[PDB]
*Asks:* 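Attaching a single structure in structure tokens format; questions to follow.
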Amino acid sequence: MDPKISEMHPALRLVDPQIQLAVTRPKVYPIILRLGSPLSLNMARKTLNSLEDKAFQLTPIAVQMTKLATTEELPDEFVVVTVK
Amino acid sequence: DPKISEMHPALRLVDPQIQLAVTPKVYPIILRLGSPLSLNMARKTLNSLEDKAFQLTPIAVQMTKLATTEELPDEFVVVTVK
């Protein structure tokens, strides 16, 4: 039990709404992280569709995150991903 | 370098019922878990003047360790946990 949402342990962060979780049920949810550890995101694509010479390219994506000031900033529905 | 089947953390494909929406392109997720991750759906079930309550419901999502690169989709995101 933490004194406020901007100061939780581990930190609570909203992920930039440019990245959300899609669930087929497809509905899109904001992601709240509980950051028990860092994580990273890479976009990947198979560039050659070829059994004998298969190639993938990856690009790291910087994930902007927001600290919340009050529980008014928590949406009505969202997912929580708890790391570590 | 090792085959898909030799890497730690293992590459896990997440149930494609759960994908990452990026801006609305949606992407299958590959997880590499140095540490455990959990996923909960949250719903505010109460908002009075006094207090808020959120119901959290675990999603135990199906994952598969990949053994061949052929199991990899044409496009996907990789989420690596430290």
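Any value given below was found using the heavy atoms of this structure, including those in side chains, with hydrogens, waters and symmetry copies removed. A note on names: the letters A, B, ... follow the listed sequences, proteins ahead of strands, and every chain is numbered from 1.
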*Asks:* Treating A:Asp16 as the side-chain partner and A:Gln18 as the backbone partner, does any N or O pair qualify as donor plus acceptor under 3.5 Å?
*Replies:*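 Such a contact is found between A:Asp16 side chain and A:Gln18 backbone.
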*Asks:* Among B:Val77, B:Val61, B:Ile30, B:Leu20, exactly one meets side chain to side chain contact (heavy atoms under 4.5 Å, CB included) together with B:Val14. Which residue is that?
*Replies:*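 Result for side chain to side chain contact (heavy atoms under 4.5 Å, CB included) with B:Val14: B:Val61.
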*Asks:* For the pair A:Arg13 (side chain) and A:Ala11 (backbone), establish whether a donor and an acceptor sit closer than 3.5 Å, ignoring hydrogens and angles.
*Replies:*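 Side chain of A:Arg13 to backbone of A:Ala11: no pair is present.
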*Asks:* Of all the heavy-atom pairs spanning B:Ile4 and B:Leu66, show the shortest one and how long it is.
*Replies:*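 That closest heavy-atom pairing would be CG2-O, 3.2 Å.
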*Asks:* Regarding A:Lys54 and B:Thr69, do their side chains bring together a donor and an acceptor under 3.5 Å, going by distance alone?
*Replies:*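 Side-chain D/A pair, A:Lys54 to B:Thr69: absent.
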*Asks:* Would you confirm whether A:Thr70, through its side chain, and A:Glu72, through its main-chain N or O, come within 3.5 Å as a donor-acceptor pair?
*Replies:* yes
*Asks:* With side-chain contact (heavy atoms from CB on, under 4.5 Å) as the test, would you mind laying out the steps for A:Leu35 and A:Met65 before giving the verdict?
*Replies:* CA-CA 11 Å; A:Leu35 283 170; A:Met65 284 189 299; 4.1 Å; yes
*Asks:* Applying side chain to side chain donor-acceptor pair (under 3.5 Å), name anything that partners A:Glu77, two or more places apart in sequence or on another chain.
*Replies:*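 With neighbours one apart ignored, the set is A:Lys27.
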*Asks:* Ignoring hydrogens, what is the shortest heavy-atom contact between B:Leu72 and A:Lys46? Give both atom names and the distance.
*Replies:* O-NZ, 2.6 Å
*Asks:* Would you mind reporting whether B:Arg32 and B:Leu11 have side-chain heavy atoms less than 4.5 Å apart?
*Replies:* yes
*Asks:* What's the separation between atom CG in A:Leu39 and atom CG in B:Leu37, rounded to the nearest 0.5 Å?
*Replies:* 7.5 Å
*Asks:* Suppose we screen for side-chain contact (heavy atoms from CB on, under 4.5 Å). Which residues come up paired with A:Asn42, at least two apart in sequence or across chains?
*Replies:* A:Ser40, A:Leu58, A:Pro60, B:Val78
*Asks:* One pair to check against side-chain contact (heavy atoms from CB on, under 4.5 Å): A:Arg45 and B:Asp74. What are the steps and the verdict?
*Replies:* CA-CA 6 Å; A:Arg45 158 202 318 216; B:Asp74 290 0; over 6 Å; no
*Asks:* Listed by chain and number, what are the side-chain contact (heavy atoms from CB on, under 4.5 Å) partners of A:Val28, not counting sequence neighbours?
*Replies:*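 Expected list: A:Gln20, B:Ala21.
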*Asks:* Taking all heavy atoms of A:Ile19 and all of A:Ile31, pick out the closest pair and write down the distance.
*Replies:* O-CD1, 3.9 Å
*Asks:* Taking all atoms of both residues into account, what is the closest heavy-atom pair of B:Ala67 and B:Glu71, and its distance?
*Replies:* N-OE2, 2.9 Å
*Asks:* So, using side-chain contact (heavy atoms from CB on, under 4.5 Å) as the criterion, who are the partners of B:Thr64 when residues are at least two apart?
*Replies:* none
*Asks:* Got A:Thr47 and A:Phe56 here, is their nearest side-chain heavy-atom distance under 4.5 Å?
*Replies:* no
*Asks:* Between A:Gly36 and A:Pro10, which heavy-atom pair has the shortest distance, and what is it?
*Replies:* N-CB, 3.7 Å
*Asks:* What heavy-atom pair brings B:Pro16 and A:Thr24 nearest, and what distance separates the two atoms?
*Replies:*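 Heavy atoms only, the tightest pair is O-OG1, 4.0 Å.
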*Asks:* Just to verify, what does A:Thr59 make a side-chain contact (heavy atoms from CB on, under 4.5 Å) with, not counting sequence neighbours?
*Replies:* none
